[PDB]
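Encoded as structure tokens, the following chain is the form deposited without the ligand, with no partner shown.
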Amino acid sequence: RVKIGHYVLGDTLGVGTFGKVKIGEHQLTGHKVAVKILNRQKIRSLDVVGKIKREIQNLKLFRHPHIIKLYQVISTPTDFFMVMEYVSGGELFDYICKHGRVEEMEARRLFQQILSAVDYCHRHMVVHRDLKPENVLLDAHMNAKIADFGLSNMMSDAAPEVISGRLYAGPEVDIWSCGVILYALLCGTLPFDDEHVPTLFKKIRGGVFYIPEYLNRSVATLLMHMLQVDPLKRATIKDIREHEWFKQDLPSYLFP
């Protein structure tokens, strides 16, 4: 039975190749944290210790309202314990699968939050790591929160360049990923989806996708720019910020 200060560790929230994430609850106040436990022997055997450490150091410097906070790091001879901000609302894509597509203004509100967090990553994350849609969570206030907790590996109930075999620029792949997130928010499904795998890949490389009748031309053009197959032709975050659909009701705090 494990305690960090007043936090009693309980259920496992997520698990990955590198460790597990357990919810901690403050015995007095009920405050919750998410404790990422990294077993030294496992991360050594995967040869990822250097990458992970450099990730921890960078996360100390992150201050964005839609990216998971790191509160402290405890090091023992056998484990690292990263005490992080708790998120209660699960994965965004699970919410979309359960509840269907999101009303247009809510889609926009969430997407503005997500794109701001990605822009902050491109600006402040020293080594780039591709955004994974399964890392976009929802917090108690129905705000987007980017976190790497391995929720998607728990069971209860790619960009054209990624599949090209070539090295690529990470920030460009992130725009494509954000385009699928936006499409999913708006349509309740993925823009390229097919149970026949070669056809899924042909669809991703072909860049043609379905726009439901209920979406306006304006947002369709934004999605088209973000989902351009050729990165040389794809929207940047600046382009997206300038788009009339995205600009609507955009809080200034998101892009300072």
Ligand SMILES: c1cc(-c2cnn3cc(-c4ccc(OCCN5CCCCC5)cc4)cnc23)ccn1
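Residue numbers run from 1 along the displayed sequence. Note that the rigid core is defined as the largest set of C-alphas that superpose within 1.5 Å between two forms.
A second form of this protein, the form solved in complex with the ligand, is not displayed here; the remarks below concern that form.
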Seen with the ligand overlaid from its pose in the deposited complex, and using a 2.4 Å cut-off to backbone or C-beta atoms, this pocket is blocked
| message | Suppose contact means a heavy atom within 4.5 Å; in the deposited complex, does that hold for all of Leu13, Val21 and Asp148 with the ligand? | response | yes
Any chance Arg123 has a heavy atom within 4.5 Å of the ligand in the deposited complex? no
Exercise for the section: Considering only heavy atoms, tell me if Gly170 and the ligand come within 4.5 Å of each other in the deposited complex. Expected result: no
Even though the ligand is not shown here, does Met226 get within 4.5 Å of it in the deposited complex, heavy atoms only?
no
**OP:** With heavy atoms only and a cut-off of 4.5 Å, decide whether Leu137 touches the ligand in the deposited complex.
**Re:** yes
Here the chain appears without its partner; judged in the deposited complex, the stretch of 182-190, 159-167, 102-110, 78-86 with heavy atoms within 4.5 Å of the ligand is 78-86
As a check of understanding, the residue in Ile204, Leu38, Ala34, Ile67 with any heavy atom within 4.5 Å of the ligand in the deposited complex should be identified as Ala34
Taking the ligand in the deposited complex and a 4.5 Å non-hydrogen atom cutoff, the residues of 88-115 making contact are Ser88, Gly89, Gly90, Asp94, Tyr95, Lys98
The mover among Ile43, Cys187, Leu227, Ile204 between this form and the one not shown, judged by a CA shift of 2 Å or more on the rigid core, is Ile43
Q | CA of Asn143, rigid core aligned, shift of 2 Å or more between this form and the one not shown | A | no
Indicate whether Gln27 shows a C-alpha shift of 2 Å or more between this form and the one not shown, with the rigid core used for the fit. yes
One pair moves by 3 angstroms or more in the deposited complex: the C-alpha atoms of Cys178 and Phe149, which are closer
What changes in the deposited complex is the Cα distance between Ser152 and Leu227, by 3 Å or more; the two atoms are farther
